[PDB]
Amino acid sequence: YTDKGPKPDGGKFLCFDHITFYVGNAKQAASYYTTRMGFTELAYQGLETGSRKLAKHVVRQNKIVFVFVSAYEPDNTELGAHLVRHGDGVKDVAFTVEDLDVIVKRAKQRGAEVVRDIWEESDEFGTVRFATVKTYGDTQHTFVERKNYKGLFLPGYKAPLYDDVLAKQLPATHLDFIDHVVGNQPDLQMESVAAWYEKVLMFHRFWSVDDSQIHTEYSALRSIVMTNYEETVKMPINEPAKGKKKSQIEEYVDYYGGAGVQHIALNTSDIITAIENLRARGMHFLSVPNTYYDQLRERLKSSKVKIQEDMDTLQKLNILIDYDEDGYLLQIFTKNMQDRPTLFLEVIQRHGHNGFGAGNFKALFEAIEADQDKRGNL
């Protein structure tokens, strides 16, 4: 029961629909996410389906859908510029919606920059209606009115030409749905971007335990989490801030060439098995010193919260914990998805805790910085 602001007169954002990436080699990118991250290739458009300008590979893990897109032709102006500016990265964060027309009319009236006005596509399995507007940077939002669409992903997509015996042979990673999608902004842009979500989409600010305590000194960022009225989609917005060390938000914006998605968090209900199986697929994660766990166990000595998972196993797998007196979450961060120090992924499991892990900024900073100081900062 919190201040959610005025209830929108019409329109609903049900959930994240899919995330679309603009990449240099969609075939190889799909292979990376299926083999390393537990996805399965679901659907495809390309030369073989009559799509002559764009190749599209759709991969799925439970409710999580990622789409990888590349150009077929030399000197594709739009995709080419994006690739050169940003490297591989997120282009579209798509939302499943009800009452598309109200949402789009309101967004347009309130100043949204339109990429494509309402359109529909159909095949043997039904019809889907869409619209696309710009958000921060070169990122966009497609609203997807799927009317319990019974086809393969979306109209026009076809089965992949081949099955993949490599991805098939690997163990399940148990990632269920997209928990949140974080967008990094350049200096001083967080408030105007958050205001866009409030005005254009009638989102509101989501207040969690992380908003109640300052972590700027360690995190070197400020964040505002924007969410739809029913709080089913969460869009954190970061900007750099003055802290004890150079801001990773500034590094992101420098190497991404502007604002963009920093991380996508994937919610799991069995993080130990998830991380064991992601590690078996060759994924790497932040290295966590043993002192983090020694200090965490000492802090937990005065807490009434009960950690259900085996702490020795969490320590072995370098899974992080954040808690208050009413619950806790588990989280872990992958290494970067590319050479540029830009996008990474997060795996998160919640036990009655609606925050984002901000306590770990201080906890990891203290454990890692102290050890490096002892090592002469060499």
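All residue numbers are counted from 1 along the displayed sequence.
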On average, which has the higher Cα B-factor in the deposited entry, 159-167 or 206-214? 206-214
Averaging C-alpha B-factors over each stretch, which comes out higher, 277-285 or 124-132? 124-132
For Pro186, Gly151, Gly87, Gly257, the deposited C-alpha B-factor is largest at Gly151
With respect to the C-alpha temperature factors reported in the PDB entry, which of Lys91, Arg299, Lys234, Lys105 ranks highest? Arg299
Split into thirds by Cα B-factor across the chain's modelled residues, where does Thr96 land: lowest, middle or highest? lowest
Within-chain third of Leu314 by Cα B-factor, per the entry: middle
Third assignment of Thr142 from its chain's C-alpha B-factors: lowest
Chain-relative C-alpha B factor for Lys244 (record values, thirds): the highest
Taking the chain's C-alpha temperature factors as the reference, tell me which third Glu251 falls into: lowest, middle or highest. highest
